[PDB]
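Undergrad: As input, take target.txt (compact mmCIF, N, CA and C atoms and all ligand atoms):
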# COMPACT_ATOMS: atom_id res chain seq x y z
N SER S 32 -8.09 28.73 -117.59
CA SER S 32 -9.44 28.68 -117.05
C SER S 32 -10.01 27.27 -117.21
N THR S 33 -11.22 27.06 -116.70
CA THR S 33 -11.84 25.74 -116.74
C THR S 33 -12.08 25.29 -118.18
N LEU S 34 -12.35 23.99 -118.33
CA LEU S 34 -12.68 23.44 -119.64
C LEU S 34 -13.96 24.06 -120.19
N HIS S 35 -15.00 24.17 -119.36
CA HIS S 35 -16.26 24.69 -119.88
C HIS S 35 -16.14 26.16 -120.26
N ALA S 36 -15.32 26.92 -119.55
CA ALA S 36 -15.08 28.31 -119.93
C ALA S 36 -14.40 28.40 -121.29
N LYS S 37 -13.41 27.53 -121.54
CA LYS S 37 -12.71 27.53 -122.82
C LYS S 37 -13.66 27.28 -123.98
N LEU S 38 -14.63 26.38 -123.79
CA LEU S 38 -15.44 25.86 -124.89
C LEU S 38 -16.81 26.50 -124.99
N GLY S 39 -17.02 27.64 -124.34
CA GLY S 39 -18.26 28.39 -124.47
C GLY S 39 -19.30 28.18 -123.38
N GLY S 40 -18.96 27.48 -122.31
CA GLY S 40 -19.90 27.24 -121.23
C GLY S 40 -20.27 25.77 -121.11
N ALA S 41 -20.95 25.47 -120.00
CA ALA S 41 -21.31 24.08 -119.71
C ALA S 41 -22.25 23.53 -120.77
N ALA S 42 -23.26 24.31 -121.17
CA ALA S 42 -24.17 23.86 -122.23
C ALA S 42 -23.40 23.51 -123.49
N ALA S 43 -22.39 24.32 -123.83
CA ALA S 43 -21.61 24.07 -125.04
C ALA S 43 -20.81 22.78 -124.93
N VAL S 44 -20.30 22.47 -123.74
CA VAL S 44 -19.53 21.23 -123.56
C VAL S 44 -20.39 20.02 -123.90
N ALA S 45 -21.58 19.94 -123.30
CA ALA S 45 -22.46 18.81 -123.59
C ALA S 45 -22.87 18.79 -125.05
N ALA S 46 -23.10 19.96 -125.64
CA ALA S 46 -23.45 20.02 -127.06
C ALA S 46 -22.31 19.50 -127.92
N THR S 47 -21.07 19.88 -127.58
CA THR S 47 -19.92 19.40 -128.33
C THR S 47 -19.79 17.88 -128.25
N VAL S 48 -19.98 17.33 -127.04
CA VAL S 48 -19.93 15.88 -126.87
C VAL S 48 -20.97 15.19 -127.74
N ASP S 49 -22.19 15.73 -127.78
CA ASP S 49 -23.25 15.12 -128.59
C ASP S 49 -22.91 15.15 -130.07
N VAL S 50 -22.43 16.30 -130.56
CA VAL S 50 -21.99 16.39 -131.96
C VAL S 50 -20.95 15.32 -132.26
N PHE S 51 -19.95 15.22 -131.39
CA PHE S 51 -18.82 14.31 -131.60
C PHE S 51 -19.28 12.87 -131.53
N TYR S 52 -20.11 12.55 -130.53
CA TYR S 52 -20.66 11.21 -130.39
C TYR S 52 -21.44 10.79 -131.63
N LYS S 53 -22.32 11.67 -132.12
CA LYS S 53 -23.16 11.32 -133.25
C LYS S 53 -22.34 11.11 -134.51
N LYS S 54 -21.28 11.91 -134.70
CA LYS S 54 -20.37 11.69 -135.82
C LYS S 54 -19.78 10.28 -135.79
N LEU S 55 -19.33 9.82 -134.62
CA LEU S 55 -18.75 8.49 -134.54
C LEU S 55 -19.79 7.41 -134.81
N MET S 56 -20.98 7.53 -134.21
CA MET S 56 -21.98 6.49 -134.40
C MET S 56 -22.52 6.49 -135.83
N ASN S 57 -22.45 7.61 -136.54
CA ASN S 57 -22.97 7.66 -137.89
C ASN S 57 -21.90 7.38 -138.94
N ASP S 58 -20.68 7.06 -138.52
CA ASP S 58 -19.61 6.73 -139.45
C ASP S 58 -19.54 5.21 -139.57
N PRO S 59 -19.90 4.63 -140.72
CA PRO S 59 -19.89 3.16 -140.84
C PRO S 59 -18.53 2.54 -140.61
N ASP S 60 -17.44 3.30 -140.75
CA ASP S 60 -16.12 2.75 -140.51
C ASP S 60 -15.76 2.70 -139.03
N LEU S 61 -16.49 3.41 -138.18
CA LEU S 61 -16.18 3.48 -136.75
C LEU S 61 -17.25 2.87 -135.86
N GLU S 62 -18.52 3.00 -136.22
CA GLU S 62 -19.60 2.49 -135.39
C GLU S 62 -19.39 1.05 -134.92
N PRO S 63 -18.91 0.11 -135.74
CA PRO S 63 -18.79 -1.27 -135.25
C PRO S 63 -17.93 -1.41 -134.01
N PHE S 64 -16.94 -0.53 -133.78
CA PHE S 64 -16.15 -0.61 -132.55
C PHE S 64 -16.97 -0.26 -131.32
N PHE S 65 -18.12 0.39 -131.48
CA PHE S 65 -18.95 0.77 -130.34
C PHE S 65 -20.10 -0.20 -130.08
N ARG S 66 -20.27 -1.22 -130.92
CA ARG S 66 -21.31 -2.22 -130.71
C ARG S 66 -21.13 -2.92 -129.37
N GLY S 67 -22.20 -2.96 -128.58
CA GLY S 67 -22.14 -3.58 -127.28
C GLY S 67 -21.60 -2.71 -126.16
N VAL S 68 -21.13 -1.50 -126.46
CA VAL S 68 -20.67 -0.59 -125.42
C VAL S 68 -21.85 0.23 -124.91
N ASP S 69 -22.12 0.13 -123.61
CA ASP S 69 -23.26 0.83 -123.03
C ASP S 69 -23.08 2.34 -123.16
N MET S 70 -24.21 3.05 -123.17
CA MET S 70 -24.20 4.47 -123.50
C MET S 70 -23.56 5.32 -122.40
N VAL S 71 -23.63 4.88 -121.15
CA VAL S 71 -23.00 5.64 -120.08
C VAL S 71 -21.49 5.63 -120.26
N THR S 72 -20.93 4.45 -120.51
CA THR S 72 -19.51 4.34 -120.80
C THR S 72 -19.11 5.21 -122.00
N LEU S 73 -19.94 5.22 -123.05
CA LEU S 73 -19.59 5.96 -124.26
C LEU S 73 -19.62 7.47 -124.01
N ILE S 74 -20.68 7.95 -123.36
CA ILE S 74 -20.75 9.38 -123.05
C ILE S 74 -19.59 9.78 -122.15
N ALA S 75 -19.26 8.93 -121.17
CA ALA S 75 -18.13 9.24 -120.30
C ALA S 75 -16.83 9.26 -121.09
N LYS S 76 -16.67 8.32 -122.03
CA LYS S 76 -15.50 8.32 -122.89
C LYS S 76 -15.36 9.64 -123.65
N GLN S 77 -16.44 10.10 -124.27
CA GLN S 77 -16.36 11.30 -125.08
C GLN S 77 -16.02 12.51 -124.23
N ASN S 78 -16.59 12.59 -123.03
CA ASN S 78 -16.27 13.68 -122.12
C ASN S 78 -14.81 13.67 -121.71
N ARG S 79 -14.25 12.49 -121.43
CA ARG S 79 -12.85 12.42 -121.02
C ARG S 79 -11.92 12.68 -122.21
N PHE S 80 -12.32 12.23 -123.40
CA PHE S 80 -11.57 12.52 -124.63
C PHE S 80 -11.46 14.03 -124.83
N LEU S 81 -12.59 14.72 -124.72
CA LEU S 81 -12.60 16.17 -124.87
C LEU S 81 -11.75 16.84 -123.79
N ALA S 82 -11.91 16.40 -122.54
CA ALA S 82 -11.10 16.97 -121.46
C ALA S 82 -9.61 16.74 -121.71
N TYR S 83 -9.24 15.54 -122.16
CA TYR S 83 -7.84 15.22 -122.44
C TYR S 83 -7.27 16.10 -123.54
N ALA S 84 -8.03 16.29 -124.62
CA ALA S 84 -7.55 17.14 -125.71
C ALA S 84 -7.18 18.54 -125.23
N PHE S 85 -7.81 19.02 -124.15
CA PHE S 85 -7.54 20.36 -123.65
C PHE S 85 -6.83 20.35 -122.30
N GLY S 86 -6.13 19.27 -121.98
CA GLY S 86 -5.33 19.21 -120.77
C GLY S 86 -6.10 19.37 -119.48
N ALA S 87 -7.38 18.97 -119.46
CA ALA S 87 -8.21 19.09 -118.27
C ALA S 87 -8.31 17.79 -117.48
N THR S 88 -7.66 16.72 -117.91
CA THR S 88 -7.61 15.50 -117.12
C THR S 88 -6.39 15.54 -116.19
N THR S 89 -6.46 14.76 -115.11
CA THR S 89 -5.35 14.69 -114.17
C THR S 89 -4.75 13.30 -114.01
N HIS S 90 -5.52 12.23 -114.22
CA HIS S 90 -5.02 10.87 -114.00
C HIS S 90 -5.10 10.03 -115.27
N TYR S 91 -4.90 10.65 -116.43
CA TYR S 91 -5.07 9.97 -117.70
C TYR S 91 -3.86 10.26 -118.57
N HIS S 92 -3.09 9.22 -118.88
CA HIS S 92 -1.84 9.39 -119.61
C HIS S 92 -1.76 8.35 -120.72
N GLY S 93 -0.70 8.42 -121.52
CA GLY S 93 -0.57 7.54 -122.67
C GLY S 93 -0.72 6.07 -122.31
N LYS S 94 -0.14 5.66 -121.18
CA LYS S 94 -0.26 4.26 -120.79
C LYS S 94 -1.72 3.88 -120.53
N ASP S 95 -2.52 4.80 -119.99
CA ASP S 95 -3.94 4.52 -119.79
C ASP S 95 -4.67 4.41 -121.13
N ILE S 96 -4.29 5.25 -122.10
CA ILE S 96 -4.89 5.14 -123.43
C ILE S 96 -4.59 3.77 -124.03
N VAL S 97 -3.35 3.29 -123.88
CA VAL S 97 -3.01 1.98 -124.43
C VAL S 97 -3.80 0.88 -123.72
N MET S 98 -3.82 0.90 -122.39
CA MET S 98 -4.52 -0.15 -121.66
C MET S 98 -6.01 -0.16 -121.97
N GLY S 99 -6.59 1.01 -122.25
CA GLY S 99 -8.01 1.07 -122.58
C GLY S 99 -8.36 0.62 -123.99
N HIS S 100 -7.40 0.64 -124.92
CA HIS S 100 -7.67 0.35 -126.32
C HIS S 100 -6.92 -0.84 -126.88
N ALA S 101 -6.01 -1.44 -126.10
CA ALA S 101 -5.15 -2.50 -126.64
C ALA S 101 -5.96 -3.67 -127.18
N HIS S 102 -7.06 -4.02 -126.50
CA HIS S 102 -7.87 -5.13 -126.98
C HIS S 102 -8.49 -4.86 -128.35
N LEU S 103 -8.80 -3.59 -128.66
CA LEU S 103 -9.35 -3.27 -129.97
C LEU S 103 -8.30 -3.41 -131.07
N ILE S 104 -7.07 -3.00 -130.77
CA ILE S 104 -5.97 -3.10 -131.72
C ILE S 104 -5.58 -4.56 -131.93
N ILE S 105 -5.60 -5.36 -130.87
CA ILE S 105 -5.12 -6.73 -130.94
C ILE S 105 -6.19 -7.69 -131.45
N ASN S 106 -7.44 -7.49 -131.04
CA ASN S 106 -8.50 -8.44 -131.32
C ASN S 106 -9.51 -7.93 -132.34
N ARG S 107 -9.51 -6.64 -132.67
CA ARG S 107 -10.54 -6.08 -133.53
C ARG S 107 -10.00 -5.23 -134.68
N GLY S 108 -8.69 -5.23 -134.93
CA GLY S 108 -8.15 -4.54 -136.09
C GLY S 108 -8.20 -3.03 -136.03
N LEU S 109 -8.24 -2.44 -134.84
CA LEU S 109 -8.22 -0.99 -134.71
C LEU S 109 -6.89 -0.45 -135.22
N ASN S 110 -6.93 0.59 -136.06
CA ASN S 110 -5.71 1.01 -136.73
C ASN S 110 -5.63 2.53 -136.85
N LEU S 111 -4.55 3.00 -137.49
CA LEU S 111 -4.30 4.43 -137.60
C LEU S 111 -5.35 5.14 -138.44
N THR S 112 -5.92 4.45 -139.44
CA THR S 112 -6.99 5.07 -140.21
C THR S 112 -8.19 5.35 -139.31
N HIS S 113 -8.50 4.42 -138.42
CA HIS S 113 -9.59 4.66 -137.48
C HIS S 113 -9.26 5.84 -136.57
N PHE S 114 -8.03 5.89 -136.04
CA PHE S 114 -7.62 7.00 -135.18
C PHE S 114 -7.76 8.34 -135.90
N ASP S 115 -7.27 8.40 -137.15
CA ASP S 115 -7.31 9.66 -137.89
C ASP S 115 -8.74 10.08 -138.19
N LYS S 116 -9.66 9.12 -138.33
CA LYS S 116 -11.06 9.48 -138.58
C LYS S 116 -11.71 10.01 -137.31
N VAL S 117 -11.47 9.36 -136.16
CA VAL S 117 -11.97 9.85 -134.88
C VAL S 117 -11.42 11.24 -134.61
N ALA S 118 -10.12 11.43 -134.84
CA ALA S 118 -9.50 12.73 -134.59
C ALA S 118 -10.07 13.80 -135.51
N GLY S 119 -10.30 13.46 -136.78
CA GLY S 119 -10.93 14.41 -137.70
C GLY S 119 -12.35 14.78 -137.28
N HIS S 120 -13.15 13.78 -136.88
CA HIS S 120 -14.48 14.10 -136.39
C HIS S 120 -14.42 15.00 -135.17
N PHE S 121 -13.40 14.82 -134.32
CA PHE S 121 -13.30 15.65 -133.13
C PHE S 121 -13.07 17.11 -133.49
N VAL S 122 -12.09 17.38 -134.36
CA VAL S 122 -11.82 18.78 -134.69
C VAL S 122 -12.97 19.36 -135.50
N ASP S 123 -13.62 18.55 -136.35
CA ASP S 123 -14.81 19.02 -137.04
C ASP S 123 -15.89 19.41 -136.03
N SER S 124 -16.05 18.63 -134.96
CA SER S 124 -17.03 18.99 -133.93
C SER S 124 -16.70 20.34 -133.33
N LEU S 125 -15.42 20.57 -133.02
CA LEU S 125 -15.03 21.85 -132.43
C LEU S 125 -15.33 23.01 -133.38
N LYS S 126 -15.03 22.84 -134.67
CA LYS S 126 -15.30 23.90 -135.64
C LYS S 126 -16.80 24.17 -135.76
N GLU S 127 -17.60 23.11 -135.81
CA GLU S 127 -19.05 23.28 -135.91
C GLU S 127 -19.63 24.01 -134.71
N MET S 128 -19.01 23.88 -133.55
CA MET S 128 -19.44 24.58 -132.35
C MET S 128 -18.86 25.99 -132.25
N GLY S 129 -18.17 26.46 -133.29
CA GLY S 129 -17.59 27.78 -133.25
C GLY S 129 -16.36 27.92 -132.38
N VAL S 130 -15.63 26.84 -132.14
CA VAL S 130 -14.38 26.93 -131.38
C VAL S 130 -13.29 27.52 -132.26
N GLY S 131 -12.47 28.40 -131.69
CA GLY S 131 -11.51 29.13 -132.48
C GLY S 131 -10.24 28.35 -132.78
N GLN S 132 -9.42 28.95 -133.64
CA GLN S 132 -8.28 28.25 -134.23
C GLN S 132 -7.19 27.95 -133.21
N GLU S 133 -6.98 28.84 -132.24
CA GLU S 133 -5.95 28.58 -131.24
C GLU S 133 -6.28 27.33 -130.43
N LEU S 134 -7.55 27.16 -130.06
CA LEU S 134 -7.97 25.95 -129.35
C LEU S 134 -7.93 24.72 -130.25
N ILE S 135 -8.30 24.86 -131.53
CA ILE S 135 -8.17 23.75 -132.47
C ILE S 135 -6.74 23.25 -132.50
N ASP S 136 -5.79 24.17 -132.69
CA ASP S 136 -4.38 23.79 -132.81
C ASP S 136 -3.91 23.07 -131.56
N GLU S 137 -4.32 23.56 -130.38
CA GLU S 137 -3.92 22.93 -129.13
C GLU S 137 -4.43 21.50 -129.07
N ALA S 138 -5.71 21.30 -129.40
CA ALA S 138 -6.29 19.96 -129.40
C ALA S 138 -5.57 19.06 -130.41
N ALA S 139 -5.30 19.59 -131.60
CA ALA S 139 -4.61 18.82 -132.63
C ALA S 139 -3.24 18.38 -132.15
N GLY S 140 -2.48 19.27 -131.51
CA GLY S 140 -1.18 18.89 -130.99
C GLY S 140 -1.26 17.73 -130.02
N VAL S 141 -2.26 17.74 -129.14
CA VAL S 141 -2.43 16.64 -128.20
C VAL S 141 -2.70 15.35 -128.95
N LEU S 142 -3.67 15.38 -129.88
CA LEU S 142 -4.06 14.18 -130.61
C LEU S 142 -2.90 13.62 -131.42
N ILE S 143 -2.18 14.49 -132.13
CA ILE S 143 -1.00 14.05 -132.86
C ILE S 143 -0.01 13.39 -131.91
N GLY S 144 0.11 13.91 -130.69
CA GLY S 144 1.03 13.35 -129.72
C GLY S 144 0.73 11.91 -129.34
N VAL S 145 -0.55 11.51 -129.35
CA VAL S 145 -0.91 10.16 -128.94
C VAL S 145 -1.20 9.24 -130.12
N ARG S 146 -1.21 9.76 -131.35
CA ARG S 146 -1.39 8.92 -132.53
C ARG S 146 -0.47 7.70 -132.56
N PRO S 147 0.83 7.79 -132.26
CA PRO S 147 1.69 6.59 -132.33
C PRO S 147 1.23 5.43 -131.46
N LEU S 148 0.41 5.66 -130.43
CA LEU S 148 -0.08 4.55 -129.62
C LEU S 148 -1.16 3.74 -130.32
N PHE S 149 -1.63 4.19 -131.47
CA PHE S 149 -2.62 3.46 -132.25
C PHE S 149 -2.01 2.83 -133.48
N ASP S 150 -0.68 2.75 -133.54
CA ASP S 150 0.01 2.06 -134.61
C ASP S 150 0.02 0.56 -134.33
N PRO S 151 -0.69 -0.25 -135.12
CA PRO S 151 -0.76 -1.69 -134.84
C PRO S 151 0.59 -2.38 -134.88
N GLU S 152 1.57 -1.83 -135.58
CA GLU S 152 2.89 -2.47 -135.63
C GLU S 152 3.54 -2.54 -134.25
N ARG S 153 3.10 -1.71 -133.31
CA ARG S 153 3.62 -1.72 -131.95
C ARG S 153 3.05 -2.84 -131.08
N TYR S 154 2.10 -3.63 -131.57
CA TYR S 154 1.41 -4.64 -130.78
C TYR S 154 1.67 -6.02 -131.36
N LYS S 155 1.59 -7.05 -130.51
CA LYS S 155 1.75 -8.44 -130.95
C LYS S 155 0.41 -9.18 -130.88
N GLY S 156 0.37 -10.36 -131.49
CA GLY S 156 -0.78 -11.23 -131.36
C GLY S 156 -2.06 -10.72 -131.99
N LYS S 157 -1.95 -9.87 -133.02
CA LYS S 157 -3.13 -9.28 -133.64
C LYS S 157 -3.86 -10.30 -134.52
N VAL S 158 -5.11 -9.98 -134.84
CA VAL S 158 -5.87 -10.80 -135.79
C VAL S 158 -5.15 -10.90 -137.15
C1 LIG N 201 -6.82 10.26 -128.71
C2 LIG N 201 -7.32 9.03 -128.80
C3 LIG N 201 -8.38 8.45 -127.83
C4 LIG N 201 -8.68 8.81 -126.57
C5 LIG N 201 -7.99 9.91 -125.73
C6 LIG N 201 -9.76 7.96 -126.12
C7 LIG N 201 -10.38 7.98 -124.89
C8 LIG N 201 -11.08 6.93 -124.33
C9 LIG N 201 -11.53 6.82 -122.96
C10 LIG N 201 -11.27 7.92 -121.91
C11 LIG N 201 -12.16 5.64 -122.80
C12 LIG N 201 -12.79 5.11 -121.48
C13 LIG N 201 -14.29 4.86 -121.62
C14 LIG N 201 -14.96 4.55 -120.30
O1 LIG N 201 -14.61 3.52 -119.64
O2 LIG N 201 -15.88 5.34 -119.92
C15 LIG N 201 -12.12 4.97 -124.09
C16 LIG N 201 -12.65 3.74 -124.43
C17 LIG N 201 -12.97 3.36 -125.73
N1 LIG N 201 -12.50 3.95 -126.89
FE1 LIG N 201 -11.31 5.52 -127.03
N2 LIG N 201 -10.10 7.09 -127.15
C18 LIG N 201 -9.27 7.38 -128.21
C19 LIG N 201 -9.27 6.76 -129.44
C20 LIG N 201 -10.21 5.85 -129.83
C21 LIG N 201 -10.43 5.39 -131.17
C22 LIG N 201 -9.63 5.88 -132.40
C23 LIG N 201 -11.44 4.52 -131.16
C24 LIG N 201 -12.00 3.82 -132.41
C25 LIG N 201 -13.30 3.57 -132.53
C26 LIG N 201 -11.89 4.38 -129.79
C27 LIG N 201 -12.88 3.56 -129.30
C28 LIG N 201 -13.07 3.27 -127.96
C29 LIG N 201 -13.91 2.22 -127.42
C30 LIG N 201 -14.74 1.24 -128.26
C31 LIG N 201 -13.85 2.28 -126.09
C32 LIG N 201 -14.59 1.39 -125.05
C33 LIG N 201 -13.89 0.05 -124.89
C34 LIG N 201 -14.70 -0.77 -123.92
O3 LIG N 201 -15.20 -0.20 -122.92
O4 LIG N 201 -14.82 -2.00 -124.13
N3 LIG N 201 -11.11 5.20 -129.01
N4 LIG N 201 -11.47 5.79 -124.99
Before anything else, please render the file you have as structure tokens.
Ligand code: HEM

TA:
Amino acid sequence: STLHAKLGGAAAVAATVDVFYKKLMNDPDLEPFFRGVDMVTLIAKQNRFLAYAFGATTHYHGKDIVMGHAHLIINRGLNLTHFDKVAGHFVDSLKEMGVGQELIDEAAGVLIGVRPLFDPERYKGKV
């Protein structure tokens, strides 16, 4: 079924995005990566992140994740600890919204699958 049906309805989708967004902005270890990023881009990012975790995207693959984040890994020290914190905030958001365990596991499997793309050892020319 649709993404919004899985997650409790359209209202719940936007609520989940807000929970997840606020967790990132309120985490002192992650907020600096969002400095200077306009809010429309950020809200769109969170929506696509959520859609991707549940296989609701169609034109977004690992290579797109790398091309979208490579500058942070190379020029801003983005690393696996940051990835694991973002991923933890995401599943915490799902739990806080009353999302069940089967959907949590599915999202976790996706996130674990793309974690290796945030390994800085895979990139050259870093700070
Ligand atoms: C599963 C891992 C991730 C996925 C699927 C994902 C998804 C996305 C998407 C879809 C965008 C496009 C935003 C847009 O143009 O509207 C984006 C950009 C961005 N992501 Fe992620 N993200 C992930 C991990 C992370 C992590 C760990 C961070 C650390 C803070 C992060 C920070 C950012 C930033 C700062 C941008 C904007 C870059 C810019 O526009 O200059 N992302 N991400």

Undergrad: Return the single residue from S:124, S:106, S:57, S:112 that is closest to residue 81 (chain S), with distances computed using only C-alpha atoms.

TA: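 Once distances to residue 81 (chain S) are computed over only C-alpha atoms, the minimum belongs to S:124.
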
Undergrad: Ligand LIG 201 (chain N): which residues are within 8 Å, counting all atoms listed in the file? Reply as a PyMOL selection string.

TA: chain S and resi 55+60-69+71-81+83-84+91+95-96+99-100+103+109-118+141-146+149

Undergrad: Which distance in Å separates CA of residue 70 (chain S) and CA of residue 33 (chain S), to one decimal?

TA: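 Distance between the two atoms: 25.5 Å.
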
Undergrad: At what distance in Å, to one decimal, does CA of residue 154 (chain S) lie from CA of residue 48 (chain S)?

TA: 29.9 Å

Undergrad: Of the residues S:87, S:139, S:82, S:128, which is the one nearest to residue 46 (chain S), using all atoms listed in the file?

TA: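 Nearest candidate to residue 46 (chain S) out of S:87, S:139, S:82, S:128: S:128.
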
Undergrad: Could you state the separation of atom N of residue 131 (chain S) and CA of residue 58 (chain S) in Å, given to one decimal place?

TA: 24.1 Å

Undergrad: List every residue of chain S that DSSP, applied to the backbone of this structure, assigns to helix (DSSP H, G or I), and report them as a ChimeraX atom specification.

TA: /S:34-37,41-56,62-65,70-84,93-106,111-127,132-149,151-153

Undergrad: As JSON, please: the centre and edge lengths in Å, to one decimal, of an axis-aligned box enclosing every listed atom of region 73-76 of chain S with 5 Å added on each side.

TA:
{"center_x": -18.1, "center_y": 7.5, "center_z": -122.3, "size_x": 15.4, "size_y": 14.6, "size_z": 14.0}

Undergrad: Which residue gives the smallest distance to residue 122 (chain S) among S:107, S:37, S:86, S:138, with only N, CA and C atoms counted?

TA: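 Comparing S:107, S:37, S:86, S:138 against residue 122 (chain S), the winner is S:138.
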